[PDB]
Protein chains: 2
Amino acid sequence: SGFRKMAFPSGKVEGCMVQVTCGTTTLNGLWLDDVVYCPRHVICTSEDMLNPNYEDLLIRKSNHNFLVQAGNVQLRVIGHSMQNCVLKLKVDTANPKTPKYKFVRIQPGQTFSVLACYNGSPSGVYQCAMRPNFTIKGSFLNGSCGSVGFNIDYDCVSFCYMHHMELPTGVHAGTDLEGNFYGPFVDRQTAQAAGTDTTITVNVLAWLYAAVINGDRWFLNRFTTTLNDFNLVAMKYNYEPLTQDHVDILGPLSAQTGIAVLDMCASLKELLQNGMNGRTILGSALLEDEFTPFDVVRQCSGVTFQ
Amino acid sequence: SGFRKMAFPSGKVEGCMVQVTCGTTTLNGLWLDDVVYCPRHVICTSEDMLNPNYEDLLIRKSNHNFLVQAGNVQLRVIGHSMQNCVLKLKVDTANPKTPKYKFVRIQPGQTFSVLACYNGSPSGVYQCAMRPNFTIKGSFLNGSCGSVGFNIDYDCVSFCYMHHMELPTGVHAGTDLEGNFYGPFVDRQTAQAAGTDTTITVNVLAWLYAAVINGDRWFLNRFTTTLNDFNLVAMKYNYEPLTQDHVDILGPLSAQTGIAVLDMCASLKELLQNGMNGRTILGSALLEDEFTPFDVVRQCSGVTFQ
Ligand SMILES: O=c1[nH]c(=O)n([C@H]2CCCO2)cc1F
Ligand SMILES: O=c1[nH]c(=O)n([C@H]2CCCO2)cc1F
């Protein structure tokens with residue numbers, strides 16, 4: 001019945017996006033209860049970003065210097081503090097659209113939806129993964145900082161990402177909602193290079209299961225393998241090593257399809273060694289690694305959010 | 001700065017989704033003002049779908065047979081009528097979350113976002129295109145009928161698609177919001193085959209412009225071509241013929257990049273004739289055709305919706 005790169009419905013998060021301006025700089029904030037979260041680099045000018053001393057720059061800012069606007073209405077800022085790389089602006093009004101929510105720090109390999117925003121206004125929604133090198137491959141222009149990534153379980157939004165930086169190579173870095181960067185990145189305009197962009201093996205396997213469920217089966221073969229043998233191949237192709245935990249996580253998709261995990265690993269092994277020979281899998285000409293096992297079960301089972 | 005398959009924010013549409021049950025069949029409806037729109041096959045049993053006489057089946061239905069539920073609240077049905085392949089259920093309460101909206105019948109080659117829903121509850125959002133054969137390549141399970149596709153211009157939702165049918169080949173067919181199918185498809189479980197899935201040439205060119213803007217430039221070459229020469233190649237590869245209207249639509253992306261449209265056509269020609277030689281463009285190993293010129297400008301310029 002089809003398999004698409006699918007984001008979570010964005011309405012619960014749209015209702016939390018605001019605009020934050022400090023001096024000359026405008027970016028997005030996230031309004032939950034009576035706190036607005038935004039990147040701490042809102043206080044910087046373009047020149048400040050080369051070598052910013054955030055504590056010193058913040059001394060010169062007062063509550064009334066943070067202009068916070070939710071659509072056309074202005075919010076009153078009654079306190080401010082810095083937590084790691086985020087600012088928390090306490091406002092005098094709780095967001096009436098605050099969904100049930102949690103702050104989660106995700107693991108590399110996990111996926112989430114991004115609501116790209118500008119001037120506090122949502123522009124679009126797309127699905128991302130936290131890469132093993134702790135970058136994300138997003139779509140962010142100037143003004144998009146403070147846009148967030150999130151997952152939804154039924155009625156609860158788990159926020160996991162806030163956007164802060166574009167590296168010189170065009171990939172993206174940011175923090176969790178406690179303001180701690182993913183990976184080694186810092187909010188300074190400096191030479192920061194990403195490490196190896198390794199492929200998320202367990203996700204590729206999940207997507208191959210999704211393909212079989214939908215009738216793209218040409219890559220199934222007569223072979224099997226072992227974890228250690230497979231991983232010799234994973235290593236050569238800059239794939240994450242597959243572990244027994246990963247095998248266990250794939251158990252449900254294995255049970256539903258009747259294809260043993262290690263047999264699917266043998267299919268992936270052949271695909272890595274031989275390529276796809278000009279064929280496609282679920283409309284892709286490369287091996288997709290930004291669907292988790294949970295994403296596949298969810299999309300193949302129609303789980304909804306209330 | 002990155003280029004992603006991006007859907008519109010879904011919140012305005014989430015607020016319109018309801019559940020409609022008639023007898024044993026449950027699917028989704030769209031609640032705008034005091035009307036709920038849903039597929040007319042809600043009145044059918046599984047057996048009825050082989051040879052349904054909708055007018056005869058509807059004679060046996062009254063207002064109280066259509067159970068309409070918006071979240072946990074029940075809506076009172078005060079009238080019903082069939083328009084083409086949709087039912088319009090008049091309810092006694094206008095949807096307080098009705099956004100500004102229009103009904104549009106899109107052209108093949110145009111893109112839109114789908115809010116996949118089950119039992120009236122949103123599951124996910126993704127971007128689709130109306131294919132030249134009038135199918136869409138979606139992700140729809142049993143229960144997803146009545147999910148809608150839409151575009152947003154600033155504050156106005158233009159609804160263009162309602163989901164009705166999965167063909168035996170796994171692609172999807174549906175109607176506009178006046179209930180007229182796209183293409184030749186009918187709401188009957190019969191032998192319906194899609195025609196040739198031609199590639200949307202103007203969209204491929206737009207995406208190549210997007211690639212250049214983002215620094216994927218390896219496919220630029222020293223050549224040019226003409227519309228007629230290019231189209232000889234398009235035809236061989238089952239690409240839509242490129243017209244002067246398409247060239248004109250690409251004008252802005254041509255102006256911004258300084259790459260003449262026909263020079264980009266020569267790049268595409270070489271890509272069609274030689275393939276990508278194991279390289280990628282914007283993270284894809286095939287030529288992507290579900291971004292329109294407007295989608296590229298929008299995403300590259302950060303247009304937002306209020
Ligand atoms: O840190 C937190 N504080 C909160 O008050 N909530 C409540 C507020 C609404 C739903 O959850 C959640 C958190 F994660
Ligand atoms: O057919 C239509 N009828 C309407 O009342 N509207 C109004 C109602 C809210 C915004 O638009 C739009 C239509 F497209």
Side-chain angles (χ1 to χ4, degrees), chain A residues 8 11-18 29-38 70 78-79 81 83-84 86-106 112 148-162 175-180 305-306, chain B residues 8 11-18 29-38 70 78-79 81 83-84 86-106 112 148-162 175-180 305-306:
Chain A
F8 287 105
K12 289 188 174 51
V13 181
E14 293 170 47
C16 304
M17 297 316 302
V18 299
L30 184 71
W31 182 21
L32 297 164
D33 305 319
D34 60 350
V35 178
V36 172
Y37 301 82
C38 70
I78 58 166
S81 55
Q83 178 179 11
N84 302 308
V86 298
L87 295 180
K88 290 186 302 198
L89 308 182
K90 197 201 178 168
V91 289
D92 79 349
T93 299
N95 181 358
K97 304 179 196 169
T98 301
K100 296 189 190 165
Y101 74 92
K102 288 172 166 54
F103 288 173
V104 169
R105 185 177 178 81
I106 56 168
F112 58 94
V148 297
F150 60 97
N151 284 275
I152 305 181
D153 191 89
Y154 287 65
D155 59 347
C156 177
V157 183
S158 288
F159 295 102
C160 58
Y161 180 82
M162 178 170 275
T175 68
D176 64 18
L177 268 293
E178 301 184 340
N180 288 306
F305 312 94
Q306 43 154 20
Chain B
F8 287 105
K12 289 188 174 51
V13 181
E14 293 170 47
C16 304
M17 297 316 302
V18 299
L30 184 71
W31 182 21
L32 297 164
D33 305 319
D34 60 350
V35 178
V36 172
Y37 301 82
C38 70
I78 58 166
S81 55
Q83 178 179 11
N84 302 308
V86 298
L87 295 180
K88 290 186 302 198
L89 308 182
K90 197 201 178 168
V91 289
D92 79 349
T93 299
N95 181 358
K97 304 179 196 169
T98 301
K100 296 189 190 165
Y101 74 92
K102 288 172 166 54
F103 288 173
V104 169
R105 185 177 178 81
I106 56 168
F112 58 94
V148 297
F150 60 97
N151 284 275
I152 305 181
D153 191 89
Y154 287 65
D155 59 347
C156 177
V157 183
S158 288
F159 295 102
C160 58
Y161 180 82
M162 178 170 275
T175 68
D176 64 18
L177 268 293
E178 301 184 340
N180 288 306
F305 312 94
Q306 43 154 20

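Below, read A as the first sequence line, B as the second, and so on, with proteins coming before strands; counting in each chain starts at 1. Ligands are counted one by one from 1 in listed order, and the atoms in each one are counted from 1 as well. Values below: every heavy atom of this structure, side chains too, minus hydrogens, waters and symmetry copies.
Taking the six-membered ring where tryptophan is involved, the planes of A/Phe305 and A/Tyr154 are perpendicular, since the angle between them exceeds 60° and thus also 30°. Ring geometry, B/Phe150 versus B/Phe8: the interplanar angle falls from 30° to 60°, so the pair is classed tilted.
The shortest non-hydrogen separation linking A/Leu32 to A/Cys16 is CD2-SG, 3.6 Å.
Looking only at heavy atoms of the protein, atom 14 (F) of ligand 1 is closest to A/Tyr101 O, 3.2 Å.
Those atoms of ligand 1 that come under 4.0 Å of a heavy atom in A/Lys102, given as number and element, are 14 (F).
Using 4.0 Å as the threshold, A/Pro99 has a heavy atom nearer than that to some atom of ligand 1.
At least one N/O-N/O distance between A/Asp33 and ligand 1 falls below 3.5 Å.
Donor-acceptor pairing under 3.5 Å is lacking for the side chains of A/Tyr101 and A/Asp155.
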